[PDB]
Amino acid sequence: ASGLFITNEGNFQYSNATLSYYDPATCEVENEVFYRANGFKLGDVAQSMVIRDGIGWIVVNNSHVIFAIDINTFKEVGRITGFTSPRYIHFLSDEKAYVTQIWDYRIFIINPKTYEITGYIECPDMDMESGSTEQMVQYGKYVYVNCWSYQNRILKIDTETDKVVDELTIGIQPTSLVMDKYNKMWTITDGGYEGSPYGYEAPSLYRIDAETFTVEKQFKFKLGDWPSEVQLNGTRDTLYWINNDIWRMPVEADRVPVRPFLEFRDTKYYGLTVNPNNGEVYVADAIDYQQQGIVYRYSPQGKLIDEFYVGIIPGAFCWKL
């Protein structure tokens, strides 16, 4: 039945990441489900999760590993190890996926059927000390990928030859990437932070044409803002993001909204997803990055349906639908 996984990053360098699973039919959450099923822990900084063909792939960023689990029993069915610091996985086929990385200038290519690393894509003008590749979207035979930490680019990869073929420089630290129904990509930058070795600026939300790879809109926010996490609804025509509050806007808009979907409440909204079938909006709140976090489930009109405690620093969601 429909279900929602929530990955909890835990505290970096403390190895307290966990996996939660929520059943929206019964409004019940189960926490530490990977430990319950397997009798050992995920590790440090569970970062993201994708489901393909009955198998969930959980990226554990600071444990150099992706685990593959059966999505019904939560039992490990396999794992791939040896990643520098993995971020997101994107499948091109049953036998090929890309795994992006921080602290590396390469994207790793894997064969998910054999649980092996099978190649690398070298990113131009990037090194190990400050390299970063992050989220991916596909456009025909191309994958576009944002480069987040200490970077300011989207790259374009030809998936036939596994080569970076183009790049676009924007504001510092684009955090996330989605593709709307008009084949326009959206990304939102975090603007760095005060005292950053790389930079600190007002962040922006950008709309980029996938066909020509050119900026079509830039909406600039305020210095001090630290936004993240563009997300779309299932029809890919309403964009959501975090910038203190949760914001949303029609992808056709020429102006940013004046009223948020969910007002800032002096906590730490940190993760976000929209149910692709019914439009319900889930917001993961890290609270203060120390206590158990909470997820809020809202109707499409912003009415709270349910709320539930998860693990520490819930950061990402994956639908089982």
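Start at 1 with the first residue shown and count on from there.
- Of the two stretches examined, 59-67 and 288-296, the record assigns the greater average C-alpha temperature factor to 288-296.
- Look at the mean CA B-factor for 175-183 and for 208-216 in the entry; the higher one is 208-216.
- Per the deposited record, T159 carries the highest C-alpha B-factor of all listed residues (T159, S149, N243, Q101).
- Within the listed group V77, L232, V137, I80, the record reports its top CA B-factor for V77.
- When the modelled residues of the chain are ordered by their C-alpha B factor, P86 lands in the lowest third.
- Ranked by Cα temperature factor within the chain, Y144 sits in the lowest third according to the deposited record.
- When the modelled residues of the chain are ordered by C-alpha B-factor, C123 sits in the highest third.
- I117: CA B factor in the middle third of modelled residues in this chain (values from the PDB entry).
- The entry lists a Cα temperature factor for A25 that places it in the highest third of the chain's modelled residues.
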